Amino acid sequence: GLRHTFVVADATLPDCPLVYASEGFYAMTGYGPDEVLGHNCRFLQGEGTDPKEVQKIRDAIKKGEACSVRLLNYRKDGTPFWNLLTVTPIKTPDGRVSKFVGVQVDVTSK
C-alpha cells in the first residue's frame, strides 16, 4: 500500500531498539523521537494485540528471518489502528544480522 511508514532497529543490541523512524512514523503514531528512539517498537501494542502474531515476529527476529504480520496497535493518545507490518533483516557479508527494517501500513480503512 502506497501510504506507509518505515523504521530501523539495531539488531546488534539485545532488545532491537529503534534507531531511525520516518517522518510518517512519528506523525502517524503521535510519538516523537525524544520519546521512542532507543526503544523497542512493542510500545505500540496494547490490550487487543494478538499474542500469536507477536510471537511470529519474535520468532522471526530470533531466527534472523523476514516476517509479515497484521497487528492491532495504539497511538500515543490510546486510539487503535490496524498495522500491516513487514520486517526484513539486513546482514553483513558474514551473514550476521546488523539491523532489522520495518515497513508499517495503516490498513484500518481497508
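In case it trips you up, residue 1 is the first one in the sequence shown, and so on.
Chemist: Hey, which bit's got the bigger mean C-alpha B factor in the entry, 65 to 73 or 22 to 30?
Modeler: Higher of the two, by average CA B-factor, is 65 to 73.
Chemist: On mean Cα temperature factor in this entry, is 53 to 61 or 79 to 87 the higher one?
Modeler: According to the entry, 53 to 61 carries the higher average C-alpha B-factor.
Chemist: Please rank the C-alpha B-factors of the chain's modelled residues and tell me whether residue 102 sits in the lowest, middle or highest third.
Modeler: Tercile = lowest for this residue's CA B-factor.
Chemist: Which third of the chain does residue 9 land in by C-alpha B-factor: lowest, middle or highest?
Modeler: Lowest third of the chain for residue 9's C-alpha B-factor.
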